[PDB]
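What follows is a set of notes on a single structure, which appears directly below.
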2 protein chains.
Amino acid sequence: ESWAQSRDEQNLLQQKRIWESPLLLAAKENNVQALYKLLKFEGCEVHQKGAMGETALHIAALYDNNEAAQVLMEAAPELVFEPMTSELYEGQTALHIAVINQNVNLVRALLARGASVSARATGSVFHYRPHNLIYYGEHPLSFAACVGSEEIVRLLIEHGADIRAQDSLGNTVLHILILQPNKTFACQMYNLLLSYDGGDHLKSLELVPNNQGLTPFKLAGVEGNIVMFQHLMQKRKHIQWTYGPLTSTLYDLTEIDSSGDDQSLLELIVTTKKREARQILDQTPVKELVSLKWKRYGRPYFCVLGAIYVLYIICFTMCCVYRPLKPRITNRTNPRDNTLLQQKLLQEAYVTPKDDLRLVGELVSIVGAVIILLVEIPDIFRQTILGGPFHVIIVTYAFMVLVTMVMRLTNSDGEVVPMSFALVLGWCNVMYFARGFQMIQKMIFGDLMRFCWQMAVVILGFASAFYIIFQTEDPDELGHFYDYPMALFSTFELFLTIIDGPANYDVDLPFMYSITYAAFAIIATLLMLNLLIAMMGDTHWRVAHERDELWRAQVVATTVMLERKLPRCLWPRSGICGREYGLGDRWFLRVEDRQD
Amino acid sequence: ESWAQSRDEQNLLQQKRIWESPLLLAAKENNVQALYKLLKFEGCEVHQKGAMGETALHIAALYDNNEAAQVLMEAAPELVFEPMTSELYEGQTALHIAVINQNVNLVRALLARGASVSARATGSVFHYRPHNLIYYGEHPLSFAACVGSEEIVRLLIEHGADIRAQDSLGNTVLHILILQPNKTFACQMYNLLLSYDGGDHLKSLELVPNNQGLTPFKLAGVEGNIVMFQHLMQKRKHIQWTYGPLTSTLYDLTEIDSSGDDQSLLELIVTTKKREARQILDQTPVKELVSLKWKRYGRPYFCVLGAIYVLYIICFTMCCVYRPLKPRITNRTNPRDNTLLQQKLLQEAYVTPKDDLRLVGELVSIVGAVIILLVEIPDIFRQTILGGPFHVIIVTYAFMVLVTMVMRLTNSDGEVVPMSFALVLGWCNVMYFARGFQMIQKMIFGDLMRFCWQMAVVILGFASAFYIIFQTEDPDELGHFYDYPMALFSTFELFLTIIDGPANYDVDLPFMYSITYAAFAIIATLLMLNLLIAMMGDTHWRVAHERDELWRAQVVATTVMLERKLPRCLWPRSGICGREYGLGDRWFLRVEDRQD
Ligand SMILES: C[C@@H]1NC(=O)N[C@@H]1CCCCCC(=O)O
Ligand SMILES: C[C@@H]1NC(=O)N[C@@H]1CCCCCC(=O)O
Ligand SMILES: [Ba+2]
Ligand SMILES: [Ba+2]
Ligand SMILES: [Ba+2]
Ligand SMILES: [Ba+2]
């Protein structure tokens, strides 16, 4: 079907041609007597391309068959240069197979015959695909670095192996070592390849970026390689002094910061779907960074912008609790008796008695919605959620306010449908602002205050909704929300299922109650389910760290969020510059640590 | 009472005859001087059958009494051939006891006297019953293989021990070794018995099947023997090549596949009540098999057949939401006022105004029900549940549709009783189709979507039911379900106990509400209980694997389910054939693995 089933067939088709071709069969079985009987007399095709376009030397290189390979090179030395003419292995030579098998004597003999150390194995098997179990690159030097054979690495360098070489994906030999499972052993091989660098400050091998704009140091962070990241950190930190147990080390903090403006480590961790990369922001050069960004500047501006959004939403409800005003006027209350509508769509906006208080309030709800769009719509052009789906809700909230404006100036009967949606999307987006937090126990009390915030926020978005839903309808029948102080008290009682369903079907309710109350039943249970997991997940195991860690990543994702749109006069740059004094120009972070 | 209490008495009755018989007493106590005083002068019964029909040599063989046994064989060599004449040990000879005790010098002396190596111990103690603590077989070669004494095994083979021998249950010496507790040590003894095989490709000892049609390789899977299964897998896998860390091994995949058509490993694991056998489908030759069967062919046809069943059930409700139509007609609403029935049984089927849309819809519900019976009724003749009780519900669903047809064409008043049952059995059988799934966390979100699917499926089966239950009755009193958009909204509110019981007892409700709402109260709580265990069982321990594993077996049981009835043109055979190319005819699976 796909090809996974194809190659399965080609590998079987390979063994079929090996079984058939006696030259390829003797190269596999290492039949030395059968190779001289075959090459010297009885005249054969020594350039015999097998199933996978392989030579007899390729088969003798796949199964360590040194005695059989040396026969194929002394009788026909042209077989060394021949690559795999197939599509699965296009570009692979006999040297690539000898390097991965760590055959030192075969590599020593292949280089003695003059093997190309720059042959790119562009075959489909060597691609960086999930259906390929290993990704080693294309050049034979990169294969030697990935197998951990330091002898073959230097033996290739001695024959002119360019460490500056990049594969099809723009990865140097340093990038490929970071994508290897054996993290603790790849650090040893990483230092061997750096020793053969040009020794010049310009055109450094560690600075050659990926095709996706990623230096090797920057790649270890996006990939969550803890061992390589700590190892690469040794090369970019300077110990200032040692005062006994203290070690006031100075970290580089260059490629771990903004402007690239896409090009930072922090942005790449909070926006990637790789869970494993989360752990990088906990390392000793990075954990001190985001902690200072959140203590000052971060936490205050979060609450300053939080209180601004709290007032911006309570003003929207202030214009809705005293919504616009009509008696039914129409005699349609006699036909279709089920209906209870006392619709208000009294357009006649300009009664000036007190309204002008509402009017300037309605003007605030408009100028704030476009401002929300003026900071989020130009941002979608340049999307992940660990922040919380705040961005998704804050744009749909300003969408409902503008529709209510278009709902207005046309005198539409369905005023209530778009206006009620902006009430929940405005409040329940506030509970996002609960992240304003700096032990098995005070963790129970800490997550409980999360619920009291999220609960009080939800009921203030549905009680104002349920009020509008039944402020127009008749309060004699189904009057759970006849005024505001009892609409909040009935919805609060609703939140704990102590009161029965505000339904009453002798009389037909509006199309919005059968929709708004349905969502109030799911959120009121998920918040009551998210509270039990807080209460129990705190104590049953050290999961609480697992519960803990992400909120911390949620705050880190929010901390990067608050630094993108805020101007330069507020929120100064982290670290200290190095231009006068002395080390400029990169901004460094002074960190001291104690040891026990 | 039973016999367990019997033999308890015979073992005590044995020691009673041993205590009494001085010949049997001296054979037990190894009294050499008392045996010559007893056999040479003072003339005794040397063929003295004890309580369990044992000879004096049998007692001297039960307690390692070599000095006492050699006396009983030099003075009466006929005691060797004598078996136990009792019923508990019928067939056991003095060699069987010497082999299990691993008495090498007694076995060497019993074979020197000419002991039968083919004597079958058919006694009731040697049976494969749960009340027997060991099952070693019948032949003395099988006893030597089970005790792990490789010296006695070969010593018996040297005297003509037939390894091809089978006991009463058709088990060779290989089958019995797999049913042993010491799995890691039985692998050593398994290779010893295979070495003495005929060496011919035909009539192989590993191919001799059980009496229940089970080769030794096939038996290790049904019994969950992980150690033996991996060991027996070495003999049916071929390594194609080694490309460094990769090892592209080719597995046999013969006796692990269909047609036998009862005779496969997969069918035997998903249908057995043995929990332990579940672990076999996780081994490295098998885990790659069912994974490819589910990615392609498996998952799409599951959802293709799933969407077909979703439309087949929503069409059934489409014919019920607009059910057939009568005003009460009858003046019986004045007597028995409690009743609210506005019964509709207006037979007069052929009003053609729109009905013909319903009529062809009712025709679909019939032709689909018999098709369900045409694929499940011929299957019950040839029953386990890890799939899920889908099969049990899908036949009872088509049973209710046919009863509604018989309910029709007779004008029965109880139309509603069989028709309402098909609504829940049709939807709640859909939630089975939730198995369409490809970490502590995304596991919480993964099991939560299980609930949202199962919840939305249940309410769509009871809201349509509660509608029919009260579509006939008066909606002024107890009108929770007067139309469809409010029958769904009231049942959804019912699902979370926010609304009060749609009961109203001033007025008598139909016999079906007091039954349908009772089942809606149990399922709505079990699904809310199955959600809490998902939420907490994910995180408190690695149980989530335990939670995880079975769903995986549920999918494997479903994957075998979808391959039985589907034709041959769809769903091609797994693996690659071996006829041209080369290895034919068995279908092999190409598997490569990386090592770190
Ligand atoms: C074994 C095959 N026979 C051969 O001559 N080259 C192949 C080497 C296999 C390497 C597969 C590495 C990968 O998965 O991409
Ligand atoms: C001890 C008994 N005395 C004897 O002469 N044979 C018996 C041997 C007991 C073996 C019981 C094995 C079983 O449980 O089946
Ligand atoms: Ba009335
Ligand atoms: Ba309750
Ligand atoms: Ba109640
Ligand atoms: Ba009355």
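Every residue number used here counts from 1 along the chain in the order it is shown.
Method of determination (from the header): X-ray crystallography, 3.8 Å.
Heads up, the Cβ atoms here are built off N, Cα and C, so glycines get one too.
Sequence annotations record features per position, and here Swiss-Prot assigns phosphotyrosine to B:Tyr135, B:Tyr136. Under the heading repeat 'ANK 6', Swiss-Prot lists B:212-241, citing sequence analysis as support. Under the heading N-linked glycosylation site, Swiss-Prot lists B:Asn331, citing sequence analysis as support. Residues or ranges marked as region 'Interaction with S100A10' by Swiss-Prot: B:556-560.
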Chain A neighbours, restricted to the recorded positions B:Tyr135, B:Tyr136, B:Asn331, by C-beta under 8 angstroms: none
Cβ contacts within 10 Å for B:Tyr136 (phosphotyrosine), all chains included, total 24
Quick check: in three-state DSSP terms, what is B:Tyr136 (phosphotyrosine)? coil
Alpha-carbon distance [B:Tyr135 (phosphotyrosine); B:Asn331 (N-linked glycosylation site)] in Å: 78
With Cβ-Cβ distance below 8 Å and at least 6 positions apart along the chain, what are the contacts of B:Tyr135 (phosphotyrosine)? List them in sequence order. B:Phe126, B:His127, B:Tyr128, B:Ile176, B:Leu179
Spatial neighbours of the region 'Interaction with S100A10' (B:556-560) far in sequence, C-beta under 8 Å, 6+ residues away: 266-267, 269-270, 281, 290, 293-294, 298, 302, 386-388, 435
For B:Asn331 (N-linked glycosylation site), just count the other CB atoms lying within 10 A of its CB, please. 7
Of the residues in the repeat 'ANK 6' (B:212-241), how many are helix, strand and coil by DSSP? 18 helix, 5 strand, 7 coil
What are the DSSP helix, strand and coil residue counts for the region 'Interaction with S100A10' (B:556-560)? 5 helix, 0 strand, 0 coil
